[PDB]
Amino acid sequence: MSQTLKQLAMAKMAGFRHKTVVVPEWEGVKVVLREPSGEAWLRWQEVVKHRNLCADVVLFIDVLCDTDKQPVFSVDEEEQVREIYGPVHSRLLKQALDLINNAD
């Protein structure tokens, strides 16, 4: 009962905020953005501890999704995203981080 509540409170769930935006730098293509997972945030921390950006690359690959709400890049494609990642990608990451239901 208190054990079932804790397990309920401890379960991985998803149900994340999603947002559809278009990107004029990419011929007006439509993109779906979501909040980063707890798992992505654990990997970002691992990078953080050009190193802030290796780090933001991992957040970015977790947030950037197609119209089917699936990530466009996989975690194995980090190094390749790392070499092309610029302000256009980080302006997309800023908008995905804004989706976080922050308290205050």
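Start at 1 and count along the sequence shown; that's the residue number.
Between neighbours residue 50 and residue 49, residues that the deposited sequence lists but the model omits: Missing in between: 10 or more residues.
Name the third of the chain's ranked CA B-factors that contains residue 100, choosing lowest, middle or highest. Within its chain, residue 100 is a highest-third residue by C-alpha B-factor, going by the deposited values.
Against its chain's modelled residues, does residue 17's Cα B factor rank lowest, middle or highest third? According to the entry, residue 17 has a C-alpha B-factor in the chain's highest third.
Among all modelled residues of this chain, ranked by Cα B factor, put residue 54 in the bottom, middle or top third, i.e. lowest, middle or highest. Answer is highest: the recorded C-alpha B-factor places it there.
Within this chain, which third does the Cα B-factor at residue 42 fall in: lowest, middle or highest? Answer is middle: the recorded C-alpha B-factor places it there.
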